[PDB]
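Data block below; observations after.
Read-outs: derived from the displayed coordinates by stated rules, not from any lab. All Cβ positions, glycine included, derive from the backbone under ideal geometry; neighbour counts span all protein chains shown.
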DNA sequence: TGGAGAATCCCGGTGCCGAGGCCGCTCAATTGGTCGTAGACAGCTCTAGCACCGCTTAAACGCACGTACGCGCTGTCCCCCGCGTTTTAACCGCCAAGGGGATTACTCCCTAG
DNA sequence: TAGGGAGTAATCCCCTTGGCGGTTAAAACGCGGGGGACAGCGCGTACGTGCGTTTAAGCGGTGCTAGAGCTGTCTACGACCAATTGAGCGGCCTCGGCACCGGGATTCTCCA
């Protein structure tokens, strides 16, 4: 029974080290993660099918993020994603 | 180029329901859009149903359930009826 | 042997084969069952017929033999069930239902 | 075999690039999924998580508490223009409302 | 006749949370009607998923799916 | 400017179609503002699809996808 | 307190708490009363009824906000059936 | 000499424009406005003829639907005149605001 | 009860452009086998939902009273409305130009297995 | 380790960019001018406040089994594959529904 709990916890103890989070709040945050995942993945799939592609590349994920997230949110998200993919490629 | 559409089948159905009536290219575009849209809806909901219940096949039963979720009121009952008729004719033949 | 279309075998005008292809190649599922395109074609045909019937009536009422976009708008908005199904949909050259609010009349 | 370096790390991430990849691939978004796609999506998911949790901890401190709960998540998601636009049609259980009383109703 | 179990006080509290200063007495029966229509829409979908799953028990997920289907996503389950 | 090409008469006609009997003079500039916000949202998405497709021309499909993205599905194109 | 002030105190009390505002057993009985019109002898997860309640209370609270603005627009401080119907009207729930 | 009373010709129009399918905003002003905006997102774009018409249809459909909701708000407040107030409550209850 | 004259509707002839249709043809849809696993089914466990029962006491509910708010009524005259009017520039019809969306062909490294 | 999707170059055409000139419908204006918005005021009733009694909400126990979830089998249905052919796509055909225009017959306003 898989959940993004673990990771929510690692991020929390990175951003507010002495603060915990409740079980209910963990549930809500996990739901948040699943929802955003779904939305981005789905928009990406649509973009792919619309351009007659059959693959969801980094560039699909980027454009999905730019369609979905607003303003500064979108910009910062694009930035983080690009940084991550760059580091991955380097390694 | 090549651009397939439902215009043929729309016209066949029109000439069964109202033989004297025609259909403009703009109206045909709307009907083509409509068929595409509701195909995407029912296929999409059937996909979700399959994924949820951990099934890998959009069977008749998924399509039936999708139809019950998507169409309001009497449209659901009538759509489910015609679908059930169609699969009965098919499987019995 | 001679080819018999699944459309005709199912008693449908709508193309069971084309619907089957679109369900496979639209990435909706790993597998598409044999009954699925038959059922979906039946439903799309039914709903096509329902809108075209009401649009044909609308055309007749306006003394015309051709369905223009206006007739599809009148067909959709005057049926509660179509208007609930297509409530968030805009139809090009459709116009609006004639409707003046009660308190505006003299 | 050479030692297994987790892709999350290869990436400098806490989030599970591995699981994200499974979900994209096994999740029928398309026939083929690149490595880049998992990495990027995982990163974006981490960023938004970070923002929400940060604002939530800020709220929790403002109310002198050590533990992030639903009401805190809710007040965080509503005080930011961008998160409130992202989650504008989402209901959070045990979140409550933001305090708001109209002016005309206030004492005069 | 269980609808009137949604008490006048219960409706009052919800109106208070929604920032309402004074409540006309006809609101209580409208609110019941509105709530019943909303519940019917969600429960019909939840039961639809339940039947599809070949279950006799409505689960939390069936409700969450029904709410998401209606543009009222519910986080926490 | 170009937004003032959405003339007072044009806005009047649209209000009339919606059943509006009397129109305050402040409506015209509010309507222009509201329209500009709507068009910006749809065009932003349309350009986003256009860029993704590696095209320089915005197509009818890009607009239809942008509208469907925003819950305002348009039949008659595509 | 001078009249009308206790109302603003009550509003504050209800806006700062996270508790559920409908009683659990009345709501549960309403859910089952509605359910048996769709299929008889349905069972419910305990958590499913709570999910319905949270969604239902969130819906009604949001509706009352929109209702309030309709009243205030008409230069009233009292909400009325008309205000609910306009809110439902413009939301497209009609 | 002859004068239809204020309100009469208005109802004549409400009948005329509710019976017609035509676009009410002139096309060229509209095309110019559509472009004028697009060049802030990408320079030297081209537009299909049909793309501008799709934008116009969607824009007119949006504004007319908004004005219906606006009208009901005015009527609720016992007015016949729509104002910023009405438009804004309409946009809010809908969800846009 | 009664006109001037405006907005409106119905008829009829014209003609044009697109509604309803026909010829090739090709590529997708069918036929007909093969196979291997996804899912249907049957059996079994034990979780949790249902059902019930007694008690406590928080809240609901019923009542009484009064007040302030909703609502009706009156009177004043704003800034938006309105005309014929004058101005303006879309629209229409036609034409040149060529951008970049679309096709084919190939080649290679991306991701699946 | 396999093999085919996609990135790329040679190629071009169709539909978009663009201009131009004439017409006229429409947009915007020089000046009047009004009816329904709004403010004020009064009054009555319905909602808020509080006080007392009734009523089942809510806690908590007990018990029972329905039914959700797992587990092992096996089959029949779908994916695939290759050959075959006819239904549907392009585009050319041709004639009729609609647009249009004018002209005449009528309903309607609003105010005498």
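A few comments on the model shown:
- Hydrodynamic radius of segment B:1-92 per Kirkwood, over alpha carbon pairs, in Å: 15.2
- Span per principal axis, largest first, for the Cα atoms of segment B:46-93 (Å): 30, 30, 10
- Taking every alpha-carbon pair under 8 Å whose residues sit at least 6 apart, segment E:12-70 reaches a relative contact order of 27 percent.
- Once the Cβ-Cβ distance of residue E:3 and residue G:77 is raised to the sixth power relative to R0 = 30 Å, the FRET efficiency obtained is 0.60.
- Fraction in percent of alpha-carbon pairs per bin - 5 Å, segment G:1-61: 4, 14, 21, 19, 13, 10, 8, 6, 4, 2, 1
- CD proxy at 222 nm, helix term only [per DSSP H run n ≥ 4: -39500 (n - 2.57); per residue of chain D; nearest 500]: -16000 deg cm²/dmol
- Angle in degrees between helix D:70-79 and the longest Cα principal axis of chain D, rounded to the nearest 10: 80
- For chain F, the C-alpha radius of gyration sits at 1.34 times the compact-globule guess of 2.2 N^0.38 Å, with N the residue count.
- Considering only alpha-carbon pairs that sit under 8 angstrom and 6 or more positions apart, the relative contact order computed for chain D is 16 percent.
- Crossing angle, helix H:27-38 versus chain H [Cα axis fit, 0-90 degrees, rounded to tens]: 50
- With Cα atoms, 0 to 90° folded angle of helix D:36-62 axis to chain D main axis: 30
- Evaluated at q = 0.04, 0.06 Å⁻¹, the base-10 log of the normalised Debye intensity for the protein assembly as shown, with identical point scatterers placed on the Cα atoms, takes the values -0.17, -0.40.
- log₁₀ of I(q)/I(0) at q = 0.09, 0.11 Å⁻¹ - chain D, Debye sum with one point per alpha carbon: -0.39, -0.54
- Sorted into 10 angstrom bins from 0, the C-alpha pair distances of segment G:20-94 split as 17, 35, 30, 15, 3 percent.
- For chain H, the relative contact order works out to 18 percent when only alpha carbon pairs closer than 8 Å and six or more residues apart are counted.
- Helix-only CD estimate at 222 nm, as mean residue ellipticity for chain H, using -39500 (n - 2.57) per DSSP H run (n ≥ 4): -21500 deg cm²/dmol
- Pairwise FRET efficiency - residue H:21 versus residue D:84, Cβ, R0 = 35 Å, nearest 0.05: 0.35
- Centroid-to-centroid, using Cα positions, segment B:29-93 and segment A:7-36 are 38 Å apart.
- Modelled label reach - residue A:82, point 7 Å along Cα→Cβ, segment A:36-72 residues with backbone N closer than 13 Å: A:59, A:62-63, A:66
- Using the rule -39500 (n - 2.57) for each DSSP H run of four or more residues, divided by the residues of chain B, the 222 nm mean residue ellipticity is -25500 deg cm²/dmol.
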